[PDB]
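Just the one chain here, the form deposited in one PDB entry, laid out as structure tokens.
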């Protein structure tokens, strides 16, 4: 906490002094590799180019990101000058870029090698400002910017709550280290960083999850692999690089689990997997923990500076994830459920957090505001609390759940017993096992979905067979609205269908 530097850059430089020979960054295939000492000097080099080009404290620099080492050197060179690193995705069409430039008003632009052709249009489009190609230990080299603080802006991330508009999310230095400090200080192993361990982010540097993870790893002396992926196989990426920790979104975790099923392999080097963003699928998490690996669901938003709640691997955590738990609050991260919209956590007479309502979060990783948008900021951000927009319940177990707890489905006033539907679907020849799940419906409340594993005998015809069996019943609701032929149905070890894990797998 207070013993440690209060900027990201300065924590990176500390690590570099402790282990200047360890690799800080490299791409998956091993190119663009920087040691901590080389990173330090490169950061020195690039910021001297930026100072030369008139970039000062408070200046915005557009970072056209390829997710690689050069992307992170670029952020750190901005940090060196007290400049704000605006993260722009290289893939995006120049019209999106120009719009970022309208909002942020950059003084320069830094272009990573993997966006360079797309970047190439930009220099002509961006005539007004110096746009630089980024390619590749005395105390003076390890000096930071003494005037920058924990509160000072380091980065901007674009988010689109609005269907068309993207808001520029303004992020202080503290965003990156506020939660890791909490963990270390309260001694929690929910998320851990081991000195030197290899990590991998398949998440873009322009997404809060990607930026946050690689930054906290740099501070912690990790070897961060990111950028030059030449395959879609995570298992190949993980194995080949002996990755120890990685940050996932559920659909990536699911693709990993399927890649490991399909090969009867594991990733033995792998220690820890964080995942978040979308709905967790207990089944994939469980398959991953069985294979030796510790996990952490990290719930959070760009506006909250990434994770604000956590669900670490522990007894019963899988049952909780399946029931819809998002996790529990880190110490020093206050959580408030507001029962009625328009009435914030600090409203006079509002009262204490309800156990059901919109989650508001007061964390020291919280964003400083939306760039150039006082009107949308004043509503989402108020006296330290960010409105996350999400509806959650707190149970007696202290965990937050994104849904309520009845063992029967309700479709148009009509109670469906899931087990009974499964029984019906399993009396049909060709069916090896079957399992129903709920499909959300605005007007009917819920519908019945049915997942089906066929015996070995194409079976598209079975769907028709099953459909016709349900047809011969006198409850119209009690009939599956969708019937998916699957290879497996997620089950507890005790043998019970994990219906929430199943619904997730069927709608992909």
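Definition used throughout: the rigid core is the maximal C-alpha set that superposes within 1.5 Å between two forms. Residue numbers count along the first chain shown, from 1.
We do not show the form deposited in another entry, though everything after this point is about it.
*Tell which of 427, 342, 398, 374, after superposing on the rigid core, has its C-alpha displaced by 2 Å or more between the shown form and the other one, please.*
Among the listed residues, the one whose C-alpha moves by 2 Å or more is 427.
_Taking the rigid core as the reference frame, tell me whether residue 144 has a CA displacement of 2 angstroms or more between the shown form and the other one._
Yes; residue 144 is a residue whose C-alpha shifts (by 2 Å or more) between the shown form and the other one when the cores are overlaid.
*Take the rigid core as the frame of reference and indicate whether the C-alpha of residue 316 shifts by 2 Å or more between the shown form and the other one.*
No; residue 316 is a residue whose C-alpha shifts by less than 2 Å between the shown form and the other one when the cores are overlaid.
*asked:* residue 22: after superposing the rigid core, is there a C-alpha shift of 2 Å or more between the shown form and the other one?
replied: It does not reach a 2 Å shift.
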